[PDB]
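An overview of the molecular structure
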Amino acid sequence: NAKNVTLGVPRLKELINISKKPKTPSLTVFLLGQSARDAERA
DNA sequence: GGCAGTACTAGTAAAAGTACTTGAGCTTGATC
RNA sequence: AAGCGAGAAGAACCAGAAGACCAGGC
DNA sequence: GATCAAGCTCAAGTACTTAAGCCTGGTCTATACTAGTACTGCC
């Protein structure tokens, strides 16, 4: 076995069994301009 | 020594995941 | 260099469970 | 032009396969009813 992310043997198992529903599927969204710099637009 | 009675041997009796199939609802066309 | 009695072989001659369950080390 | 029937697609439900390695000891192993099978007293 801030936020919770699947890691270790479970995560490796999901990666190699190419599961459809990951236990903790997430998105690393990256901002472009001012939204990226300031926090109000973000 | 034969008949019937009886005990023994036998012989039969508090898993999880993925894939496939079926049913229902949509999509399209044909007919009156 | 030593040197003071004799020998030779008849017959024939290893063993399986397997299965289940439990405990235990790593 | 509208309705009905047929075909196609999607979602849900049910069934089938895998669960680390090797290594050491121990104990335990079908009733149950049955017909025949012989013995053995009883007469």
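This deposited entry lists cryo-EM as its structure determination method and 3.3 Å as its resolution.

**Things to note about the overall build of chain A**
Secondary structure assignment for chain A yields two helices and zero strands. Its C-alpha atoms give chain A principal-axis dimensions of roughly 40 × 20 × 10 Å. Evaluated residue by residue, chain A yields a buried proportion of 7% over its 42 residues.

**With respect to unusual backbone geometry**
At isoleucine 18, a residue that is not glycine, the phi angle is positive and equals roughly 40 degrees. Within the element layout of this structure, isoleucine 18 appears in the loop between α1 (9-17) and α2 (34-37).

**As for the environment of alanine 42**
When you line up the elements, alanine 42 lands in the segment after α2. In sequence terms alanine 42 and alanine 2 are 40 residues apart; their C-alpha atoms lie 19 Å from each other. Aside from chain neighbours lying at most four places away, what touches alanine 42 is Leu31 and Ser35.

**A closer look at the pattern of salt bridges**
Counted under the stated rule, the structure contains two salt bridges. One salt bridge in this structure joins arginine 11 and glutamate 14, with 3.2 Å as the shortest N-O distance. Note that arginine 11 and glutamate 14 are positioned in helix α1 at a spacing of three residues, about one turn of the helix. By relative accessible area, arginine 11 is classed as partly exposed at 29%. On the basis of relative accessibility, which here comes to 15%, the residue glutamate 14 falls in the buried class. As a salt-bridge pair, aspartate 38 and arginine 41 come within 3.8 Å of each other at their nearest N and O atoms. Residue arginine 41 is classed as exposed on the basis of its relative accessible area of 56%.

Reading guide: rules and limits
Residues numbered from 1 in each chain as written, not as in the entry; some residues may be left out. Chains lettered and ligands numbered in written order. Part of a larger assembly, values for the part shown. Heavy atoms only, no water. Helix = DSSP H or I, 4+ residues; strand = E, 2+ residues; numbered from the N terminus. Buried < 20%, exposed > 50% of the residue type's maximum accessible area, 1.4 Å probe, protein only. Contact = heavy atoms within 4.5 Å. Salt bridge = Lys/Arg side-chain N within 4 Å of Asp/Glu carboxyl O.

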